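Working notes for the structure below.
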Amino acid sequence: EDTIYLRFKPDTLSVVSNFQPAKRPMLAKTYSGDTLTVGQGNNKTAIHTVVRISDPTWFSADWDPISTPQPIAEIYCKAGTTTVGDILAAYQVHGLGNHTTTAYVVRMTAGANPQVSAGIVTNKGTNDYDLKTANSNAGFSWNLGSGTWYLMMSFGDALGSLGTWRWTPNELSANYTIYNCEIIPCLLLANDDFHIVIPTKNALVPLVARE
Amino acid sequence: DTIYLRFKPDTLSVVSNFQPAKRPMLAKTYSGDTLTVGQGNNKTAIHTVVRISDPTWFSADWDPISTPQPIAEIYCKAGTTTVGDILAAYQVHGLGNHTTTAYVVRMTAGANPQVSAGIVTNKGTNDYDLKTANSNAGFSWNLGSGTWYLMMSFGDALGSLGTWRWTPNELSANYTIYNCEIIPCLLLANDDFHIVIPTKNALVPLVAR
Ligand SMILES: [Cl-]
Ligand SMILES: [Mg+2]
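So the protein sequences, as listed, match chains R and A.
One point on numbering: in full-length UniProt numbering, the residue at position 169 of the first sequence is 602, and numbering is uninterrupted.
One point on numbering: in full-length UniProt numbering, the residue at position 78 of the second sequence is 512, and numbering is uninterrupted.
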């Protein structure tokens with residue numbers, strides 16, 4: 434329940450494709466294989482994008498350095514049906530108009546190869562004030578090494594009272610607006626060269642609403 | 435040397451003939467109360483501004499510290515009038531000659547920057563960072579005295595290693611703003627989330643990237 438801060442350098446995953454720079458920020462609409470979820474029982478969060486967490490350090494609510502948290506009990510990262518990682522901390526923001534943003538600090542205990550049939554990128558037109566989703570011009574695949582930590586994010590509309598954990602099992606589709614937030618640098622190309630600080634919880638408890 | 439600022443970015447509500455007044459805008463040309471942060475002959479042209487809300491400071495060791503003293507001899511000016519102090523300075527030497535500068539400015543007077551030619555950020559499907567584009571009209575900002583603002587500038591500039599760079603030129607279109615700590619200040623911010631940026635209480639840049 435207490436707020437703990439994660440300071441880390443985001444690092445864009447290098448995707449497997451036949452196009453463009455391999456290191457580019459991509460999101461997943463439809464998976465063809467090793468579909469990425471973070472779930473508790475039947476309830477699942479559909480993972481829409483991933484960045485590597487590099488040089489992480491943790492702080493208490495009072496900004497004293499603390500040790501790595503224990504995994505949140507009973508919540509797991511799965512590729513397909515296989516459990517592939519623990520979850521150290523959870524970030525969830527209940528935004529305007531049922532917008533829900535979830536970020537899991539995932540510590541991989543096994544490798545995974547998520548393959549994306551329909552991809553998504555974030556775009557911004559001259560009349561958008563936030564990033565907005567658009568369709569890839571092709572699919573791709575990710576390679577998630579075991580032992581590495583990843584921030585696995587999800588964006589969608591969901592219901593829930595305040596302090597109720599929300600579940601976004603939906604596909605991410607185009608023209609969905611991702612409201613500015615702490616994790617917004619993880620949606621642009623990140624070259625492991627600057628730190629961000631995000632508030633998290635060692636439980637499945639959301640942050641105070643519209644944040 | 436390094437000081438951390440934790441704060442909530444807050445998008446300025448501009449006065450214009452368009453859409454929501456609270457939208458993230460950048461300035462290409464000022465018609466009046468032109469925004470610069472300068473020291474002697476050297477000036478940085480201020481390209482965008484956000485209000486700093488709920489600021490707190492941390493040591494390099496993440497112990498809370500007090501508000502730093504103003505950096506001596508550097509001032510924020512609207513036109514020729516000095517209108518603010520500089521508490522901290524953020525500068526990143528990016529790819530090629532890309533320079534990103536952010537000043538923590540505490541206004542000691544009001545200011546009304548008058549922008550004839552505007553700039554917005556773009557992102558196409560094969561852009562991986564925000565890029566600048568020309569707005570379709572101008573606007574004005576209102577900077578209240580006593581309020582804190584982050585005043586940012588983006589451009590290519592010269593300087594050998596560890597030397598503070600000056601970007602005095604107008605910001606133009608098709609300029610790539612590389613991802614960094616201050617990138618949330620380019621999107622709509624509603625005073626409802628915190629970011630942490632590294633700064634210095636001197637005119638000294640961060641380690642080159
Ligand atoms: Cl501890
Ligand atoms: Mg959102």
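Even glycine gets a Cβ: it sits at the ideal position worked out from N, Cα and C.
Return the residue from the list the options that minimises the CA-CA distance to residue i.
{"i": "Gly572 of chain R", "options": "R:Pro454, R:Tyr609, R:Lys462 and R:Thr445", "result": "R:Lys462"}
{"i": "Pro454 of chain A", "options": "A:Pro602, A:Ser579, A:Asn624 and A:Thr633", "result": "A:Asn624"}
{"i": "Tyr583 of chain R", "options": "R:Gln473, R:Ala543, R:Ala636 and R:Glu434", "result": "R:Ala543"}
{"i": "residue 658 of chain R", "options": "R:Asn475, R:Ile480, R:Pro458 and R:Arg457", "result": "For residue 658 of chain R there is no data in the structure shown, the boundaries of chain R being 434 and 644."}
{"i": "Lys442 of chain R", "options": "A:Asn531, A:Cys614 and A:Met459", "result": "A:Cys614"}
{"i": "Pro489 of chain R", "options": "R:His628, R:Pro639, R:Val638 and R:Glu644", "result": "R:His628"}
{"i": "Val549 of chain R", "options": "R:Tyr464, R:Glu644 and R:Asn570", "result": "R:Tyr464"}
{"i": "residue 416 of chain A", "options": "A:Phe588, A:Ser450 and A:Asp519", "result": "Nothing can be reported for residue 416 of chain A: it is not among the residues displayed for chain A, which extend from 435 to 643."}
{"i": "residue 413 of chain A", "options": "A:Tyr612, A:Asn476, A:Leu592 and A:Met459", "result": "The structure shown does not extend to residue 413 of chain A, since chain A is modelled only from 435 through 643, so no value can be given for it."}
{"i": "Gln525 of chain A", "options": "A:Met585, A:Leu605 and A:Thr581", "result": "A:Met585"}
{"i": "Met541 of chain A", "options": "A:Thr478, A:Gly596, A:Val449 and A:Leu577", "result": "A:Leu577"}
{"i": "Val448 of chain A", "options": "A:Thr535, A:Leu622, A:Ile617 and A:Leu529", "result": "A:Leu622"}
{"i": "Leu595 of chain A", "options": "A:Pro504, A:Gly474, A:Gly530 and A:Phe492", "result": "A:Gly530"}
{"i": "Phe492 of chain A", "options": "A:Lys557, A:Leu564, A:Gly518 and A:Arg440", "result": "A:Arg440"}
{"i": "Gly513 of chain A", "options": "A:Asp497, A:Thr478, A:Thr470 and A:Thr482", "result": "A:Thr470"}
{"i": "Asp519 of chain R", "options": "R:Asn451, R:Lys557, R:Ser579 and R:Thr482", "result": "R:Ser579"}
{"i": "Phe452 of chain A", "options": "R:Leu564, R:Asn560, R:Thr597 and R:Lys565", "result": "R:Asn560"}
{"i": "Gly474 of chain R", "options": "R:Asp497, R:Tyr509 and R:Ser450", "result": "R:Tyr509"}
First and last residue of the beta strand (DSSP E) that includes residue i?
{"i": "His527 of chain R", "result": "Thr515 to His527"}
{"i": "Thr542 of chain R", "result": "Where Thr542 of chain R is concerned, there is no enclosing beta strand (DSSP E), given that its DSSP letter is neither H nor E."}
{"i": "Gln548 of chain R", "result": "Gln548 to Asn556"}
{"i": "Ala461 of chain R", "result": "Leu460 to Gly466"}
{"i": "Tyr612 of chain R", "result": "Element bounds for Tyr612 of chain R: n/a, residue is neither H nor E."}
{"i": "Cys510 of chain R", "result": "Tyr509 to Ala512"}
{"i": "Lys565 of chain R", "result": "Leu564 to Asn568"}
{"i": "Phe441 of chain R", "result": "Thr436 to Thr445"}
{"i": "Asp561 of chain R", "result": "Per DSSP, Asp561 of chain R belongs to no beta strand (DSSP E) and is neither H nor E."}
{"i": "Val483 of chain A", "result": "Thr482 to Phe492"}
{"i": "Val471 of chain A", "result": "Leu469 to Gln473"}
{"i": "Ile505 of chain R", "result": "It is not in any beta strand (DSSP E) - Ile505 of chain R carries neither H nor E in the DSSP assignment."}
{"i": "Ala479 of chain A", "result": "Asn476 to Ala479"}
{"i": "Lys634 of chain A", "result": "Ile629 to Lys634"}
Would you say residue i and residue j are within 8 angstroms of each other, going by their C-beta atoms?
{"i": "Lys634 of chain A", "j": "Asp495 of chain A", "result": "no"}
{"i": "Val484 of chain R", "j": "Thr516 of chain R", "result": "no"}
{"i": "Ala607 of chain R", "j": "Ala567 of chain R", "result": "yes"}
{"i": "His527 of chain R", "j": "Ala642 of chain R", "result": "yes"}
{"i": "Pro502 of chain A", "j": "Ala523 of chain A", "result": "no"}
{"i": "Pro547 of chain A", "j": "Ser574 of chain A", "result": "yes"}
{"i": "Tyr609 of chain R", "j": "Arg457 of chain A", "result": "no"}
{"i": "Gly472 of chain A", "j": "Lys511 of chain A", "result": "yes"}
{"i": "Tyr438 of chain R", "j": "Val638 of chain R", "result": "no"}
{"i": "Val538 of chain A", "j": "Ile486 of chain A", "result": "yes"}
{"i": "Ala591 of chain R", "j": "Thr601 of chain R", "result": "yes"}
{"i": "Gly552 of chain A", "j": "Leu460 of chain A", "result": "yes"}
{"i": "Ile611 of chain R", "j": "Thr535 of chain R", "result": "no"}
{"i": "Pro632 of chain A", "j": "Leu620 of chain A", "result": "no"}
{"i": "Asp626 of chain A", "j": "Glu644 of chain R", "result": "yes"}
{"i": "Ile617 of chain A", "j": "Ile617 of chain R", "result": "yes"}
{"i": "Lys557 of chain R", "j": "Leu564 of chain A", "result": "yes"}
(message) Counting only Cβ-Cβ distances shorter than 9 angstroms, please list the residues of the segment 545-562 of chain A near chain R, keeping chain order.
(response) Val554, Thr555, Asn556, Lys557, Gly558, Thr559, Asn560, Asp561 and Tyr562
(request) Residues of the segment 496-519 of chain R with a CB closer than 9 angstroms to any CB of chain A: list them in chain order, please. (result) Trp496, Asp497 and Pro498
(message) Please list, in chain order, the residues of the segment 595-620 of chain R that have any C-beta partner in chain A closer than 7 angstroms.
(response) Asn613, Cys614, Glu615, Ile617 and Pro618
(request) Return the chain-ordered ranges of every beta strand (DSSP E) run that is complete within the segment 572-623 of chain A and spans a minimum of 3 residues. (result) As far as the segment 572-623 of chain A is concerned, its whole beta strand (DSSP E) runs of at least 3 residues are 582-590.
(request) Residues of the segment 447-461 of chain R with a CB closer than 7 angstroms to any CB of chain A: list them in chain order, please. (result) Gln453, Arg457 and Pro458
(request) Go through the residues and name those whose CB comes closer than 7 angstroms to any heavy atom of ligand 4, in chain order. (result) Summarising the ligand content, the structure contains ligand 1 and ligand 2 and does not contain ligand 4.
(message) Using a Cβ-Cβ cutoff of 9 angstroms, what residues of the segment 567-578 of chain R are near chain A? List them in chain order.
(response) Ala567, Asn568, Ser569 and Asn570
(message) Output needed in chain order: residues of the segment 620-643 of chain R with a Cβ under 8 angstroms from some Cβ in chain A.
(response) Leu621, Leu622, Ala623, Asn624, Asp626, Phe627, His628, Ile629, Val630, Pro632 and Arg643
(request) Check distances from the C-beta atoms of the segment 473-493 of chain R to those of chain A and list, in chain order, the residues that come in under 8 angstroms. (result) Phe492
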